Amino acid sequence: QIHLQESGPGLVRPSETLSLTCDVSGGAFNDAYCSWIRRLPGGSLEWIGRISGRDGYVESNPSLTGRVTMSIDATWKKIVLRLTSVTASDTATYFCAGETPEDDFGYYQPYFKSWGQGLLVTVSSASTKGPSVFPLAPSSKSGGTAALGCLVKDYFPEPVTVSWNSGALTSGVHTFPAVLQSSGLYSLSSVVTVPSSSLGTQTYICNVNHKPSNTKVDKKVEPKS
Amino acid sequence: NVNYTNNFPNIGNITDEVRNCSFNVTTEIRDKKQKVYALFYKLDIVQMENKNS
Amino acid sequence: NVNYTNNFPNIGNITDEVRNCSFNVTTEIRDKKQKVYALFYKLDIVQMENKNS
Amino acid sequence: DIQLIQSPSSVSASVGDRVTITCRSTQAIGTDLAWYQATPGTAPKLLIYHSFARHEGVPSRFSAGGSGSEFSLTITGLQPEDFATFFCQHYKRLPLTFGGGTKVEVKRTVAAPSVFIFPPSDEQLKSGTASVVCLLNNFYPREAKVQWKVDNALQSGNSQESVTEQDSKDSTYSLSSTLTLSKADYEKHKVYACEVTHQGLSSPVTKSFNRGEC
Ligand SMILES: *[C@@H]1O[C@H](CO)[C@@H](O)[C@H](O)[C@H]1NC(C)=O
């Protein structure tokens, strides 16, 4: 079957020539073409230059004409790229896709059907280890509700697991989406939705379940009036 | 179509007497071709080799 | 060109009226193609899709 | 070389609505345009190839068609799975460009939020940066226009604003007003105030912050 999977090197460092490998589920591209797809975080996405599976020809993004190179050989299941000069806009979810070999309307029309797993490959400029937790103690125990929370700044690598109350979530807990920073590190402010009825008794301990650290720093509601 | 087709003579139908044919036409993209379909009678097409051509 | 050019009418010049077109066509040999560049006036040329050629 | 506006940018609809998305192309591309369904967390799947040929497997609810520079994909039987963005892809000329982004949203679960002020705890004050939060809980839609005054000014970046995506248990939105500002100017401005209004809020309120012990 023509099913695709790619991981390459994962999260990388800027100003370096990365190599994002990709694989096939046995559907050899003997006549079809393979291609890359870059999907920016949210919103739109951009197409990276496709490859000619049958021949040795390489097509590229006009703005990135010389930046992309791939390795092709007799086996059709091994497609690995050699993207050069990774930039700040390369932090996106890459993809693999297979060109239509034949159809009743046309033959090589790019209406990609087979698609890969897809992973978020970033361009974070530094490792910078892991996050820290910041409480959100309310003024009271305009509004009558007092909502606590947490702030987990500079977490790496993307992603890092977070839960609540050792997994024993009580009611309507949630987490904010991942947002990057200008320096390259990833920060988040894990604040939970709080009802305007049960106050002074509810507890929302923040479970930052980082892979090496895995700490469960306490966080409760207290007056700050 | 209408199956009855008001068949007074009931002689038959064109089916299995014409060969609905298509051929490639060039395009700007490298190695990409379309189909320009047409209908031709069997008396104006022959096959030499390369079955289904 | 020279500066004055003896501009009797002062009406303009061939710029924005002639185009430098550099296409590629065959020679007398059926298997030899060369980039032939020629000048054609804008009244002899129409613009088609992919609006850069 | 052929950008695709794909207007409108956003739309909210319920199950089995009659919302349509029209793809705006910079030049005529004939009928060479494809479609994709970007279900959250998954790769896009082709929906309408050749701009009118319905893909195999998927039903005929996708009332698509059109030729020239305009293409509309109207959905009849809207489904919970179909609530995802759509990207129409042209393939007539190189390079290939995708759609501009058309996120589709549920119409339901109109819930109102509750906003409050929250002073920094010990960990923020001892650390370099603290935060003043005007947390928004269970609101709708994504038009939370939080206003912040800091010495007669508003600053971005530290205003870590990222509204959560639509939920399935509550199908509403949660957003916080975290202001990660260092005490050099955070603690400098004694009094803060967040000005928020929301159409889901019948009576939007403005919350003002008092410096720490104050
Ligand atoms: C004609 O020459 C141009 C210039 O390199 C080239 O791009 C084009 O492919 C040529 N046309 C042919 C070989 O038919």
# chains A, B, ... in the order shown; residues from 1 in each chain; ligands from 1

call {"tool": "residues_near_ligand", "arguments": {"ligand": "ligand 1", "cutoff": "7 Å", "atoms": "only C-alpha atoms and all ligand atoms", "output": "PyMOL selection string"}}
result
chain C and resi 23-25+33-35

call {"tool": "residues_around", "arguments": {"residues": "residue 72 in chain D", "least_positions_apart": "6", "cutoff": "6 Å", "atoms": "only C-alpha atoms", "output": "mmCIF file with C-alpha atoms, in the first residue's frame"}}
result
data_model
loop_
_atom_site.group_PDB
_atom_site.id
_atom_site.type_symbol
_atom_site.label_atom_id
_atom_site.label_comp_id
_atom_site.auth_asym_id
_atom_site.auth_seq_id
_atom_site.Cartn_x
_atom_site.Cartn_y
_atom_site.Cartn_z
ATOM 1 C CA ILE D 21 -16.571 28.397 0.424
ATOM 2 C CA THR D 22 -15.561 30.171 -2.794
ATOM 3 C CA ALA D 64 -18.788 21.099 -5.517
#

call {"tool": "interface_residues", "arguments": {"of": "chain D", "to": "chain C", "cutoff": "12 Å", "atoms": "only C-alpha atoms", "output": "ChimeraX atom specification"}}
result
/D:1-2,26-30,92-95

call {"tool": "write_last_selection", "arguments": {"atoms": "C-alpha atoms", "output": "tab-separated table (two decimals), in the first residue's frame"}}
result
chain	number	residue	atom	x	y	z
D	1	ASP	CA	2.70	31.92	-8.96
D	2	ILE	CA	-1.05	31.43	-8.51
D	26	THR	CA	-5.39	35.46	-8.93
D	27	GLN	CA	-5.63	34.21	-12.53
D	28	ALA	CA	-7.84	31.80	-14.43
D	29	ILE	CA	-6.56	28.24	-14.07
D	30	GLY	CA	-9.22	26.39	-16.02
D	92	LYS	CA	-2.37	24.01	-13.57
D	93	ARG	CA	0.91	25.94	-13.33
D	94	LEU	CA	4.09	25.65	-11.23
D	95	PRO	CA	4.73	26.43	-8.40

call {"tool": "select_by_dssp", "arguments": {"residues": "range 95-196 of chain D", "states": "alpha helix (DSSP H)", "output": "NGL selection string"}}
result
:D and (122-126)

call {"tool": "closest_atom_pairs", "arguments": {"of": "chain A", "to": "chain D", "cutoff": "8 Å", "atoms": "only C-alpha atoms", "output": "Markdown table"}}
result
| residue | atom | partner | partner_atom | distance |
| --- | --- | --- | --- | --- |
| A:43 | CA | D:101 | CA | 5.3 |
| A:44 | CA | D:101 | CA | 5.4 |
| A:45 | CA | D:98 | CA | 6.7 |
| A:46 | CA | D:97 | CA | 6.5 |
| A:47 | CA | D:96 | CA | 6.4 |
| A:61 | CA | D:95 | CA | 6.7 |
| A:62 | CA | D:95 | CA | 7.1 |
| A:105 | CA | D:50 | CA | 7.6 |
| A:109 | CA | D:91 | CA | 7.0 |
| A:110 | CA | D:91 | CA | 5.9 |
| A:111 | CA | D:34 | CA | 5.7 |
| A:112 | CA | D:46 | CA | 7.1 |
| A:113 | CA | D:46 | CA | 5.8 |
| A:115 | CA | D:43 | CA | 6.4 |
| A:116 | CA | D:43 | CA | 6.9 |
| A:117 | CA | D:43 | CA | 6.9 |
| A:118 | CA | D:43 | CA | 7.0 |
| A:134 | CA | D:123 | CA | 6.1 |
| A:135 | CA | D:121 | CA | 5.9 |
| A:136 | CA | D:120 | CA | 6.1 |
| A:137 | CA | D:121 | CA | 5.8 |
| A:138 | CA | D:118 | CA | 4.1 |
| A:139 | CA | D:118 | CA | 5.4 |
| A:142 | CA | D:205 | CA | 5.9 |
| A:143 | CA | D:116 | CA | 6.2 |
| A:144 | CA | D:116 | CA | 7.9 |
| A:145 | CA | D:116 | CA | 6.9 |
| A:146 | CA | D:116 | CA | 6.8 |
| A:147 | CA | D:116 | CA | 7.5 |
| A:148 | CA | D:118 | CA | 7.8 |
| A:172 | CA | D:170 | CA | 7.8 |
| A:175 | CA | D:164 | CA | 7.7 |
| A:176 | CA | D:164 | CA | 5.7 |
| A:177 | CA | D:164 | CA | 6.1 |
| A:179 | CA | D:162 | CA | 7.6 |
| A:189 | CA | D:178 | CA | 7.2 |
| A:191 | CA | D:176 | CA | 7.2 |
| A:193 | CA | D:137 | CA | 5.4 |
| A:194 | CA | D:137 | CA | 7.0 |
| A:196 | CA | D:114 | CA | 7.2 |
| A:224 | CA | D:119 | CA | 6.6 |
| A:225 | CA | D:213 | CA | 6.6 |

call {"tool": "calpha_fit_and_write", "arguments": {"fixed": "chain C", "moving": "chain B", "output": "PDB file with N, CA, C and O atoms, in the first residue's frame"}}
result
ATOM      1  N   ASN B   1      21.924  55.403 -28.083  1.00  0.00           N
ATOM      2  CA  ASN B   1      22.157  56.250 -29.246  1.00  0.00           C
ATOM      3  C   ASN B   1      22.504  57.647 -28.747  1.00  0.00           C
ATOM      4  O   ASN B   1      22.810  57.844 -27.566  1.00  0.00           O
ATOM      5  N   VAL B   2      22.467  58.624 -29.656  1.00  0.00           N
ATOM      6  CA  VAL B   2      22.604  60.015 -29.246  1.00  0.00           C
ATOM      7  C   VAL B   2      21.455  60.370 -28.313  1.00  0.00           C
ATOM      8  O   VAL B   2      20.278  60.164 -28.634  1.00  0.00           O
ATOM      9  N   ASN B   3      21.798  60.883 -27.130  1.00  0.00           N
ATOM     10  CA  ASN B   3      20.776  61.157 -26.125  1.00  0.00           C
ATOM     11  C   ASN B   3      19.953  62.386 -26.490  1.00  0.00           C
ATOM     12  O   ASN B   3      18.742  62.423 -26.243  1.00  0.00           O
ATOM     13  N   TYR B   4      20.592  63.403 -27.071  1.00  0.00           N
ATOM     14  CA  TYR B   4      19.862  64.609 -27.451  1.00  0.00           C
ATOM     15  C   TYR B   4      18.868  64.327 -28.572  1.00  0.00           C
ATOM     16  O   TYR B   4      17.770  64.894 -28.586  1.00  0.00           O
ATOM     17  N   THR B   5      19.252  63.479 -29.533  1.00  0.00           N
ATOM     18  CA  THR B   5      18.426  63.030 -30.664  1.00  0.00           C
ATOM     19  C   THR B   5      17.701  64.181 -31.370  1.00  0.00           C
ATOM     20  O   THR B   5      16.714  63.958 -32.078  1.00  0.00           O
ATOM     21  N   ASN B   6      18.219  65.403 -31.232  1.00  0.00           N
ATOM     22  CA  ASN B   6      17.640  66.596 -31.853  1.00  0.00           C
ATOM     23  C   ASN B   6      16.146  66.706 -31.549  1.00  0.00           C
ATOM     24  O   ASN B   6      15.319  66.960 -32.428  1.00  0.00           O
ATOM     25  N   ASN B   7      15.802  66.513 -30.278  1.00  0.00           N
ATOM     26  CA  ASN B   7      14.406  66.451 -29.851  1.00  0.00           C
ATOM     27  C   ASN B   7      13.822  67.859 -29.837  1.00  0.00           C
ATOM     28  O   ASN B   7      13.941  68.603 -28.864  1.00  0.00           O
ATOM     29  N   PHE B   8      13.191  68.234 -30.946  1.00  0.00           N
ATOM     30  CA  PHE B   8      12.399  69.458 -30.983  1.00  0.00           C
ATOM     31  C   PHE B   8      11.040  69.242 -30.318  1.00  0.00           C
ATOM     32  O   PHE B   8      10.674  70.016 -29.424  1.00  0.00           O
ATOM     33  N   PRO B   9      10.257  68.223 -30.703  1.00  0.00           N
ATOM     34  CA  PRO B   9       8.955  68.042 -30.042  1.00  0.00           C
ATOM     35  C   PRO B   9       9.068  67.538 -28.616  1.00  0.00           C
ATOM     36  O   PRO B   9       8.242  67.917 -27.775  1.00  0.00           O
ATOM     37  N   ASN B  10      10.060  66.694 -28.320  1.00  0.00           N
ATOM     38  CA  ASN B  10      10.261  66.123 -26.986  1.00  0.00           C
ATOM     39  C   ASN B  10       9.045  65.325 -26.520  1.00  0.00           C
ATOM     40  O   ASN B  10       8.756  65.260 -25.323  1.00  0.00           O
ATOM     41  N   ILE B  11       8.327  64.713 -27.462  1.00  0.00           N
ATOM     42  CA  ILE B  11       7.120  63.967 -27.116  1.00  0.00           C
ATOM     43  C   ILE B  11       7.471  62.721 -26.312  1.00  0.00           C
ATOM     44  O   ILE B  11       6.846  62.425 -25.286  1.00  0.00           O
ATOM     45  N   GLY B  12       8.476  61.974 -26.760  1.00  0.00           N
ATOM     46  CA  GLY B  12       8.845  60.745 -26.075  1.00  0.00           C
ATOM     47  C   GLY B  12       9.734  59.880 -26.940  1.00  0.00           C
ATOM     48  O   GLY B  12      10.458  60.380 -27.808  1.00  0.00           O
ATOM     49  N   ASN B  13       9.669  58.574 -26.691  1.00  0.00           N
ATOM     50  CA  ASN B  13      10.469  57.625 -27.449  1.00  0.00           C
ATOM     51  C   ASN B  13       9.743  56.290 -27.513  1.00  0.00           C
ATOM     52  O   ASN B  13       8.831  56.014 -26.731  1.00  0.00           O
ATOM     53  N   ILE B  14      10.175  55.460 -28.466  1.00  0.00           N
ATOM     54  CA  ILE B  14       9.556  54.161 -28.696  1.00  0.00           C
ATOM     55  C   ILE B  14       9.740  53.221 -27.507  1.00  0.00           C
ATOM     56  O   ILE B  14       8.976  52.258 -27.360  1.00  0.00           O
ATOM     57  N   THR B  15      10.705  53.496 -26.632  1.00  0.00           N
ATOM     58  CA  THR B  15      10.986  52.600 -25.516  1.00  0.00           C
ATOM     59  C   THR B  15       9.746  52.394 -24.652  1.00  0.00           C
ATOM     60  O   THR B  15       8.949  53.313 -24.448  1.00  0.00           O
ATOM     61  N   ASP B  16       9.585  51.163 -24.162  1.00  0.00           N
ATOM     62  CA  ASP B  16       8.409  50.741 -23.399  1.00  0.00           C
ATOM     63  C   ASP B  16       7.124  50.882 -24.212  1.00  0.00           C
ATOM     64  O   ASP B  16       6.046  51.102 -23.657  1.00  0.00           O
ATOM     65  N   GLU B  17       7.230  50.766 -25.534  1.00  0.00           N
ATOM     66  CA  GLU B  17       6.067  50.625 -26.402  1.00  0.00           C
ATOM     67  C   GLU B  17       6.200  49.499 -27.409  1.00  0.00           C
ATOM     68  O   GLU B  17       5.181  49.072 -27.965  1.00  0.00           O
ATOM     69  N   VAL B  18       7.408  49.006 -27.664  1.00  0.00           N
ATOM     70  CA  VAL B  18       7.627  47.831 -28.489  1.00  0.00           C
ATOM     71  C   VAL B  18       8.301  46.766 -27.635  1.00  0.00           C
ATOM     72  O   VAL B  18       8.951  47.054 -26.625  1.00  0.00           O
ATOM     73  N   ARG B  19       8.128  45.518 -28.054  1.00  0.00           N
ATOM     74  CA  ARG B  19       8.490  44.346 -27.271  1.00  0.00           C
ATOM     75  C   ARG B  19       9.424  43.485 -28.108  1.00  0.00           C
ATOM     76  O   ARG B  19       8.979  42.814 -29.043  1.00  0.00           O
ATOM     77  N   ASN B  20      10.718  43.506 -27.782  1.00  0.00           N
ATOM     78  CA  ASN B  20      11.708  42.829 -28.615  1.00  0.00           C
ATOM     79  C   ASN B  20      11.609  41.321 -28.410  1.00  0.00           C
ATOM     80  O   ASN B  20      11.983  40.798 -27.358  1.00  0.00           O
ATOM     81  N   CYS B  21      11.081  40.625 -29.416  1.00  0.00           N
ATOM     82  CA  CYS B  21      10.598  39.257 -29.279  1.00  0.00           C
ATOM     83  C   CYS B  21      11.478  38.282 -30.046  1.00  0.00           C
ATOM     84  O   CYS B  21      12.110  38.648 -31.040  1.00  0.00           O
ATOM     85  N   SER B  22      11.508  37.040 -29.566  1.00  0.00           N
ATOM     86  CA  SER B  22      12.242  35.955 -30.196  1.00  0.00           C
ATOM     87  C   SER B  22      11.437  34.670 -30.058  1.00  0.00           C
ATOM     88  O   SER B  22      10.609  34.528 -29.157  1.00  0.00           O
ATOM     89  N   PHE B  23      11.690  33.729 -30.966  1.00  0.00           N
ATOM     90  CA  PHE B  23      10.996  32.449 -30.957  1.00  0.00           C
ATOM     91  C   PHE B  23      11.946  31.362 -31.433  1.00  0.00           C
ATOM     92  O   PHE B  23      12.846  31.619 -32.237  1.00  0.00           O
ATOM     93  N   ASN B  24      11.734  30.144 -30.937  1.00  0.00           N
ATOM     94  CA  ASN B  24      12.587  29.029 -31.326  1.00  0.00           C
ATOM     95  C   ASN B  24      12.429  28.672 -32.799  1.00  0.00           C
ATOM     96  O   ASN B  24      11.380  28.887 -33.412  1.00  0.00           O
ATOM     97  N   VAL B  25      13.499  28.111 -33.355  1.00  0.00           N
ATOM     98  CA  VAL B  25      13.507  27.505 -34.681  1.00  0.00           C
ATOM     99  C   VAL B  25      14.194  26.150 -34.563  1.00  0.00           C
ATOM    100  O   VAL B  25      15.156  25.996 -33.804  1.00  0.00           O
ATOM    101  N   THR B  26      13.685  25.162 -35.295  1.00  0.00           N
ATOM    102  CA  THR B  26      14.192  23.804 -35.166  1.00  0.00           C
ATOM    103  C   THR B  26      15.617  23.696 -35.702  1.00  0.00           C
ATOM    104  O   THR B  26      16.086  24.530 -36.483  1.00  0.00           O
ATOM    105  N   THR B  27      16.308  22.644 -35.266  1.00  0.00           N
ATOM    106  CA  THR B  27      17.686  22.401 -35.667  1.00  0.00           C
ATOM    107  C   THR B  27      17.909  20.896 -35.723  1.00  0.00           C
ATOM    108  O   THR B  27      17.155  20.116 -35.136  1.00  0.00           O
ATOM    109  N   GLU B  28      18.957  20.495 -36.447  1.00  0.00           N
ATOM    110  CA  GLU B  28      19.215  19.075 -36.670  1.00  0.00           C
ATOM    111  C   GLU B  28      19.479  18.335 -35.364  1.00  0.00           C
ATOM    112  O   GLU B  28      18.990  17.217 -35.169  1.00  0.00           O
ATOM    113  N   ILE B  29      20.253  18.937 -34.459  1.00  0.00           N
ATOM    114  CA  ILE B  29      20.617  18.263 -33.219  1.00  0.00           C
ATOM    115  C   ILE B  29      19.375  18.038 -32.366  1.00  0.00           C
ATOM    116  O   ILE B  29      18.413  18.817 -32.402  1.00  0.00           O
ATOM    117  N   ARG B  30      19.392  16.954 -31.592  1.00  0.00           N
ATOM    118  CA  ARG B  30      18.237  16.578 -30.786  1.00  0.00           C
ATOM    119  C   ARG B  30      18.053  17.561 -29.634  1.00  0.00           C
ATOM    120  O   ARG B  30      18.950  17.725 -28.800  1.00  0.00           O
ATOM    121  N   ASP B  31      16.884  18.203 -29.593  1.00  0.00           N
ATOM    122  CA  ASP B  31      16.517  19.149 -28.539  1.00  0.00           C
ATOM    123  C   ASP B  31      17.543  20.281 -28.444  1.00  0.00           C
ATOM    124  O   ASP B  31      18.218  20.470 -27.429  1.00  0.00           O
ATOM    125  N   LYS B  32      17.654  21.031 -29.536  1.00  0.00           N
ATOM    126  CA  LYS B  32      18.527  22.198 -29.590  1.00  0.00           C
ATOM    127  C   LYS B  32      17.875  23.218 -30.506  1.00  0.00           C
ATOM    128  O   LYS B  32      17.596  22.914 -31.668  1.00  0.00           O
ATOM    129  N   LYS B  33      17.624  24.417 -29.987  1.00  0.00           N
ATOM    130  CA  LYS B  33      16.903  25.444 -30.720  1.00  0.00           C
ATOM    131  C   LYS B  33      17.637  26.772 -30.608  1.00  0.00           C
ATOM    132  O   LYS B  33      18.347  27.028 -29.632  1.00  0.00           O
ATOM    133  N   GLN B  34      17.455  27.615 -31.619  1.00  0.00           N
ATOM    134  CA  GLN B  34      18.083  28.926 -31.689  1.00  0.00           C
ATOM    135  C   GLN B  34      17.031  30.014 -31.512  1.00  0.00           C
ATOM    136  O   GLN B  34      15.839  29.745 -31.332  1.00  0.00           O
ATOM    137  N   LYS B  35      17.486  31.261 -31.569  1.00  0.00           N
ATOM    138  CA  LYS B  35      16.617  32.423 -31.477  1.00  0.00           C
ATOM    139  C   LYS B  35      16.709  33.218 -32.769  1.00  0.00           C
ATOM    140  O   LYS B  35      17.807  33.586 -33.200  1.00  0.00           O
ATOM    141  N   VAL B  36      15.558  33.479 -33.384  1.00  0.00           N
ATOM    142  CA  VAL B  36      15.488  34.365 -34.540  1.00  0.00           C
ATOM    143  C   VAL B  36      14.810  35.650 -34.093  1.00  0.00           C
ATOM    144  O   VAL B  36      13.579  35.763 -34.126  1.00  0.00           O
ATOM    145  N   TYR B  37      15.608  36.624 -33.668  1.00  0.00           N
ATOM    146  CA  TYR B  37      15.060  37.806 -33.025  1.00  0.00           C
ATOM    147  C   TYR B  37      14.336  38.696 -34.028  1.00  0.00           C
ATOM    148  O   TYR B  37      14.616  38.680 -35.229  1.00  0.00           O
ATOM    149  N   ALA B  38      13.392  39.479 -33.513  1.00  0.00           N
ATOM    150  CA  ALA B  38      12.653  40.442 -34.314  1.00  0.00           C
ATOM    151  C   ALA B  38      12.047  41.473 -33.377  1.00  0.00           C
ATOM    152  O   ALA B  38      11.951  41.256 -32.166  1.00  0.00           O
ATOM    153  N   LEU B  39      11.639  42.600 -33.950  1.00  0.00           N
ATOM    154  CA  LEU B  39      11.004  43.675 -33.200  1.00  0.00           C
ATOM    155  C   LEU B  39       9.559  43.821 -33.652  1.00  0.00           C
ATOM    156  O   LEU B  39       9.291  43.974 -34.848  1.00  0.00           O
ATOM    157  N   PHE B  40       8.635  43.773 -32.697  1.00  0.00           N
ATOM    158  CA  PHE B  40       7.211  43.873 -32.978  1.00  0.00           C
ATOM    159  C   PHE B  40       6.575  44.895 -32.050  1.00  0.00           C
ATOM    160  O   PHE B  40       6.975  45.025 -30.889  1.00  0.00           O
ATOM    161  N   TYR B  41       5.587  45.617 -32.566  1.00  0.00           N
ATOM    162  CA  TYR B  41       4.873  46.589 -31.755  1.00  0.00           C
ATOM    163  C   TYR B  41       3.922  45.882 -30.796  1.00  0.00           C
ATOM    164  O   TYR B  41       3.438  44.780 -31.065  1.00  0.00           O
ATOM    165  N   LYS B  42       3.658  46.533 -29.660  1.00  0.00           N
ATOM    166  CA  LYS B  42       2.815  45.932 -28.633  1.00  0.00           C
ATOM    167  C   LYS B  42       1.390  45.693 -29.112  1.00  0.00           C
ATOM    168  O   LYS B  42       0.684  44.863 -28.529  1.00  0.00           O
ATOM    169  N   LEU B  43       0.951  46.395 -30.158  1.00  0.00           N
ATOM    170  CA  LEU B  43      -0.405  46.226 -30.663  1.00  0.00           C
ATOM    171  C   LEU B  43      -0.592  44.929 -31.438  1.00  0.00           C
ATOM    172  O   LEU B  43      -1.733  44.592 -31.773  1.00  0.00           O
ATOM    173  N   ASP B  44       0.483  44.202 -31.737  1.00  0.00           N
ATOM    174  CA  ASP B  44       0.397  42.967 -32.506  1.00  0.00           C
ATOM    175  C   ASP B  44       0.794  41.738 -31.699  1.00  0.00           C
ATOM    176  O   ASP B  44       1.010  40.671 -32.282  1.00  0.00           O
ATOM    177  N   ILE B  45       0.896  41.856 -30.378  1.00  0.00           N
ATOM    178  CA  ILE B  45       1.203  40.724 -29.511  1.00  0.00           C
ATOM    179  C   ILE B  45       0.312  40.794 -28.281  1.00  0.00           C
ATOM    180  O   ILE B  45       0.037  41.879 -27.758  1.00  0.00           O
ATOM    181  N   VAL B  46      -0.156  39.630 -27.828  1.00  0.00           N
ATOM    182  CA  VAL B  46      -0.909  39.512 -26.585  1.00  0.00           C
ATOM    183  C   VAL B  46      -0.391  38.313 -25.804  1.00  0.00           C
ATOM    184  O   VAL B  46       0.243  37.410 -26.351  1.00  0.00           O
ATOM    185  N   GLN B  47      -0.673  38.322 -24.505  1.00  0.00           N
ATOM    186  CA  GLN B  47      -0.311  37.238 -23.603  1.00  0.00           C
ATOM    187  C   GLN B  47      -1.581  36.570 -23.101  1.00  0.00           C
ATOM    188  O   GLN B  47      -2.492  37.249 -22.619  1.00  0.00           O
ATOM    189  N   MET B  48      -1.642  35.244 -23.216  1.00  0.00           N
ATOM    190  CA  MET B  48      -2.803  34.487 -22.760  1.00  0.00           C
ATOM    191  C   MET B  48      -2.566  33.868 -21.383  1.00  0.00           C
ATOM    192  O   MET B  48      -3.310  34.149 -20.439  1.00  0.00           O
ATOM    193  N   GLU B  49      -1.523  33.055 -21.246  1.00  0.00           N
ATOM    194  CA  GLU B  49      -1.080  32.492 -19.977  1.00  0.00           C
ATOM    195  C   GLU B  49       0.428  32.303 -20.074  1.00  0.00           C
ATOM    196  O   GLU B  49       1.070  32.810 -20.999  1.00  0.00           O
ATOM    197  N   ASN B  50       0.997  31.560 -19.122  1.00  0.00           N
ATOM    198  CA  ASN B  50       2.409  31.185 -19.158  1.00  0.00           C
ATOM    199  C   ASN B  50       3.292  32.431 -19.279  1.00  0.00           C
ATOM    200  O   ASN B  50       3.911  32.693 -20.312  1.00  0.00           O
ATOM    201  N   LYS B  51       3.289  33.209 -18.193  1.00  0.00           N
ATOM    202  CA  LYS B  51       3.922  34.526 -18.150  1.00  0.00           C
ATOM    203  C   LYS B  51       5.269  34.530 -18.857  1.00  0.00           C
ATOM    204  O   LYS B  51       6.035  33.566 -18.775  1.00  0.00           O
ATOM    205  N   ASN B  52       5.541  35.636 -19.557  1.00  0.00           N
ATOM    206  CA  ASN B  52       6.674  35.769 -20.475  1.00  0.00           C
ATOM    207  C   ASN B  52       6.517  34.833 -21.677  1.00  0.00           C
ATOM    208  O   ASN B  52       7.374  33.999 -21.974  1.00  0.00           O
ATOM    209  N   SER B  53       5.388  34.994 -22.367  1.00  0.00           N
ATOM    210  CA  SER B  53       5.122  34.286 -23.615  1.00  0.00           C
ATOM    211  C   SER B  53       3.970  34.981 -24.326  1.00  0.00           C
ATOM    212  O   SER B  53       2.912  35.189 -23.728  1.00  0.00           O
TER     213      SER B  53
END

call {"tool": "atom_distance", "arguments": {"atom1": "CA of residue 143 in chain D", "atom2": "CA of residue 39 in chain A"}}
result
24.8 Å

call {"tool": "atom_distance", "arguments": {"atom1": "CA of residue 114 in chain A", "atom2": "CA of residue 65 in chain A"}}
result
25.1 Å

call {"tool": "interface_residues", "arguments": {"of": "chain A", "to": "chain B", "cutoff": "10 Å", "atoms": "only C-alpha atoms", "output": "JSON list (two decimals) with N, CA, C and O atoms, in the first residue's frame"}}
result
[["chain", "number", "residue", "atom", "x", "y", "z"],
["A", 52, "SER", "N", 10.82, 13.66, -9.34],
["A", 52, "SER", "CA", 10.44, 12.75, -10.40],
["A", 52, "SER", "C", 10.84, 11.34, -9.98],
["A", 52, "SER", "O", 12.03, 11.02, -9.91],
["A", 57, "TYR", "N", 15.31, 13.58, -12.20],
["A", 57, "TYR", "CA", 15.07, 15.02, -12.19],
["A", 57, "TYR", "C", 14.50, 15.47, -10.85],
["A", 57, "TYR", "O", 13.68, 14.78, -10.24],
["A", 59, "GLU", "N", 12.62, 18.81, -8.99],
["A", 59, "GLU", "CA", 11.96, 20.10, -9.08],
["A", 59, "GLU", "C", 11.92, 20.74, -7.69],
["A", 59, "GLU", "O", 11.82, 20.05, -6.68],
["A", 101, "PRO", "N", -0.43, 8.19, -10.38],
["A", 101, "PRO", "CA", 0.18, 7.61, -11.58],
["A", 101, "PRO", "C", -0.69, 7.75, -12.82],
["A", 101, "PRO", "O", -0.24, 8.25, -13.85],
["A", 102, "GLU", "N", -1.95, 7.32, -12.72],
["A", 102, "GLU", "CA", -2.89, 7.43, -13.83],
["A", 102, "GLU", "C", -4.28, 7.70, -13.27],
["A", 102, "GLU", "O", -4.57, 7.40, -12.11],
["A", 103, "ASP", "N", -5.14, 8.25, -14.12],
["A", 103, "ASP", "CA", -6.53, 8.48, -13.78],
["A", 103, "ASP", "C", -7.32, 8.60, -15.08],
["A", 103, "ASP", "O", -6.75, 8.61, -16.17],
["A", 104, "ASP", "N", -8.64, 8.68, -14.95],
["A", 104, "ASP", "CA", -9.51, 8.80, -16.12],
["A", 104, "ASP", "C", -9.59, 10.23, -16.65],
["A", 104, "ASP", "O", -9.85, 10.42, -17.84],
["A", 105, "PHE", "N", -9.38, 11.23, -15.79],
["A", 105, "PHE", "CA", -9.32, 12.61, -16.27],
["A", 105, "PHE", "C", -7.95, 12.92, -16.85],
["A", 105, "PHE", "O", -7.84, 13.38, -17.99],
["A", 106, "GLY", "N", -6.90, 12.68, -16.08],
["A", 106, "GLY", "CA", -5.54, 12.86, -16.55],
["A", 106, "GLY", "C", -4.62, 11.79, -16.01],
["A", 106, "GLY", "O", -5.09, 10.79, -15.48],
["A", 107, "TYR", "N", -3.31, 11.99, -16.13],
["A", 107, "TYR", "CA", -2.34, 11.00, -15.67],
["A", 107, "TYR", "C", -1.46, 11.49, -14.54],
["A", 107, "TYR", "O", -1.36, 10.82, -13.51],
["A", 108, "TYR", "N", -0.83, 12.65, -14.68],
["A", 108, "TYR", "CA", 0.10, 13.15, -13.67],
["A", 108, "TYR", "C", -0.37, 14.49, -13.12],
["A", 108, "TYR", "O", 0.41, 15.43, -12.95],
["A", 109, "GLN", "N", -1.66, 14.60, -12.84],
["A", 109, "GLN", "CA", -2.20, 15.79, -12.21],
["A", 109, "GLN", "C", -1.94, 15.75, -10.71],
["A", 109, "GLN", "O", -2.28, 14.76, -10.06],
["A", 110, "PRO", "N", -1.33, 16.79, -10.14],
["A", 110, "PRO", "CA", -1.00, 16.76, -8.71],
["A", 110, "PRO", "C", -2.20, 16.98, -7.80],
["A", 110, "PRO", "O", -2.47, 18.11, -7.37]]
